[PDB]
Structure formats: structure tokens, C-alpha cells
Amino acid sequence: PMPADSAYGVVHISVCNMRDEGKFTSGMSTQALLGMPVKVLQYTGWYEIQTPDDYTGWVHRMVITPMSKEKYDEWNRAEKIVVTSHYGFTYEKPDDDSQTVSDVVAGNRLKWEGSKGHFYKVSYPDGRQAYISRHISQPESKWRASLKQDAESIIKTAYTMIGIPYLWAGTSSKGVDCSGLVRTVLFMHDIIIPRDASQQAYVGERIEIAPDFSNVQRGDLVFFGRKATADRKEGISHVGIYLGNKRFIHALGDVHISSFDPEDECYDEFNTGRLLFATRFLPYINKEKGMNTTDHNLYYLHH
């Protein structure tokens, strides 16, 4: 049903806000990043789009660049500059005292157009030209080659997000919700998993937590909610990343460390009482439906 020239799109602002309906007065459901490819499902004045995690939501028409399959594939083939710092800006000139073009957040990706001084020349999906510092970003080839995707590397990135505010449906370094924290940290390591905590709970290996937590490893996810009964199936309401020694990092009010041990000052009584199970998912990236890297994700590739 979508015309051929607008069946695809690329986000062209640092962070766009996908909503339940095509209006600002509807709840935000997730967020997409600068340079991210999307499928365009419908147009009503707003676009209904589908992100590479298969999540759907609505955005204002001015935040995405609609494209033909040919132009979309061309965008995806071009080597990117990947933003690696949480926050920064792009500039009109290779000088950070020059006029800015936009803010950027980690995970943003722009087309690499060249180099001048300490900057990379970049272009936006809409056609804007800018310069970005080599100290906050790096070429996609270089970045992919040095990428670490182990539990220790992912936990190191999670600690750089401590104190960042909680934001319902937040999916960027600007602000995150419980499942959005997991997604933001993983995207900085080129990984995509399902958006909702209820869907993250059923990917990877389910771990039945031992009373002393001896079978839970660093990098496992911990899930919270309503325990299953004979009459009702379990309900997932929250998620965190396990750090070992009965501690976990999560987003609640802000990103912070909590504990299942009442000796710890950061003991979280409410969530300890609602702990259901853990999941081991990092060994199964690109080995199970819904868990992949962007160079294995069909939204980023011709098909």
C-alpha cells in the first residue's frame, strides 16, 4: 500500500520518539536513532514505522527521510561514522567553535564523507553536511574490528550510564526505561534484542536462580514481576543486568546499582521480593530469532 518512493526511511534526528498513535498526545512506546534504517508501514500526516527490532510506532513526518528501496540500500551500504560517546555535537566546519548542525548520542550513525584535521566529514540522511570529532566517534570498519561483545565489556558500558534519568520508553543515552537501558547498552556493542521486557524474558537460556545465586553469571539479565500460579502465567514488569555478588544495574528513577542482599545499603526490597528468573543471552547473538548484530540484521542489508 505505501508508494514505492516512501516504502523505506532513515531517521535523521539524534533520537526520534515513536508513539502508540500518530499524535503527540499518545504515549511514547520506543525511540530510534540518527541513521537507523526503518520500514515505512503507513502515512496519515505521521508515519507508522518499523525499526530493526521489528517494533512499530508512529513519528511526525519531519523526522525521517522517506526513500525508495534503491536509495535505502545505498544508505545502508555506505561506510558510517559511528558515535561512541554518550553526548556530543556535529559542526558546520572542522572546528568545535563553529556553528553546530545537531546534537548526537552514542549509536548515531552518519555517512562518512572524508576527513579534515581532528574531524570526520559526515552527511545526514536528509542531505545536511557536517564535521564530527574523532574523539567522540569512529569509522564503522575500525569500530567493528575492535568491538568486544563479552559480559565484562557490556557491564563496563552499563556503568558509564549510572545516574542517567529514567524515561518511560527511553531508548538512548538521553534517558532510558528498564528494557531501554539493556537495549541502549547493547546497541553500543552492535547488538539488537527485543524491545519490551516481556519479550527479552523469552530469548536466550532461562536460568532458575539458586537460593545462593551461585548459578547466575555477570551479564545475565534478571527479570521481575508476578510469579506464575496454577491459575495464571507469570507477568514480566521489570528487568536489570546482573553484576555478580547479588548486585544488579537497572533503570528505576535513574540508572543505579541495587542488591538482593539486605547487608548492602543499595538493597532493593521491592524488586528482591519480585525476582522471577535470570536469562543468559550473550552467547546466542545471531543464533536465535530476535537477537542479532547490525551487520546480520536484514533491515541493514539488501534482501
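In this text, residue numbers run from 1 along the sequence as written.
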Legend entry - Residue range whose averaged C-alpha B-factor is higher in the record, 119-127 or 166-174: 119-127
Inset, instruction - Tell me which of 255-263 and 35-43 has the higher mean C-alpha B-factor in the deposited entry. - result: 35-43
Inset, instruction - Could you say which of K93, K80, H86, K156 has its CA atom at the highest B factor, as listed in the PDB entry? - result: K93
Inset, instruction - Report the option among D220, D103, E140, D190 whose CA atom has the maximum B-factor in the deposited record. - result: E140
Inset, instruction - Classify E269 as lowest, middle or highest third according to the C-alpha B-factor given in the PDB entry, relative to its own chain. - result: middle
Legend entry - Third assignment of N215 from its chain's C-alpha B-factors: highest
Legend entry - Third of the chain's Cα B-factor distribution that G225 belongs to, per the entry: middle
Inset, instruction - Going by the recorded CA B-factors, say which third of the chain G235 sits in, lowest, middle or highest. - result: highest
Legend entry - CA B-factor ranking of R183, expressed as a third of its chain: lowest
